[PDB]
Every structure is written in C-alpha cells, then in structure tokens.
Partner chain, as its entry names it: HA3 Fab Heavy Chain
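Encoded as structure tokens, the following chain is the form solved without the partner chain, with no partner shown.
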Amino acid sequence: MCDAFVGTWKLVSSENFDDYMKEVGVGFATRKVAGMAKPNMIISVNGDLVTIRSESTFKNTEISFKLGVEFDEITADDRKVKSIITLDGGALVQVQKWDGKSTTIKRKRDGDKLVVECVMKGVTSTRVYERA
C-alpha cells in the first residue's frame, strides 16, 4: 500500500510557497522561518496505517492516518484541522478543512521525484523532493 511513496525525501525546490502560506493565513514570522527550512519528508507504512513526518529546524511534525478516514490534525503552523487523505490516480491527495476554509495538498511521484502541490483559493505552491 502506497509503496511508491515510502522513503526519506529531501527538499530540492520550492516555488510560490510564501504566497501559499499567506493565503492559508500563516503569520509573517512563521512564514520567514518555514520558508528557509529545507524539510525532509519521511513516509512509512505499517499495514493500513500511513505515517508522514516532516523534519526540519523549523519543526517536526507527524501524522498517522488510514486512507479515506477523516482525522484530526494540528498542522506545523498550529491550525487545528480536519484532514482526509485519499489515493487517486496514484497521487496522495490531502484536504484540510478548518473555519470554513479548505486547502489541498497533492503528493505525486514523477520519475525519481516526489512533487507536492499545495492549493488554496487558486494560489498554488510546488515543492519537489528527491530521495535522500
């Protein structure tokens, strides 16, 4: 399950992430620190349970979830959201909802890369990772 995604992934490019975080409502100071962080993303699977960690000097976070089962999450920027993650077309698609708002984070394998596209109200950021 989700075999392709398993690994340790290091950030290699980031496009439009500051504007994405502005749209989400992340504060100035936090955007500054989060933008200069170069997180590793560590994805593992155990039976039907998927775990994603994001590790950086900014913060360490971890979510554990089942596909297609809504779960509560505190994000790196301290939002309390309801999240649902699904496998569609080989991409892992995460929707976060809070306070009448919504954002989508898509993680797709493209060659030897993991491409992460984050969208909120038509503002899109793209972050590309490769295996560490």
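Positions refer to the first chain, counted from 1.
- Looking at mean Cα B-factors across 69-77 and 37-45, the upper value is held by 37-45.
- Two stretches are in play, 101-109 and 50-58, and the higher mean C-alpha B-factor belongs to 50-58.
- The entry lists a Cα temperature factor for residue 32 that places it in the highest third of the chain's modelled residues.
- Per the deposited record, the Cα B-factor of residue 15 falls in the middle third when ranked against the other modelled residues of its chain.
If you look for the form solved in complex with the partner chain, you will not find it shown, but the lines that follow are about it.
- Proximity of 24, 32 and 36 to the partner chain in the bound PDB entry is complete: all three residues have a non-hydrogen atom within 4.5 angstroms.
- Residue 79 belongs to the set of residues with a heavy atom inside 4.5 Å of the partner chain in the bound PDB entry.
- The shortest heavy atom separation between residue 101 and the partner chain in the bound PDB entry is within 4.5 Å.
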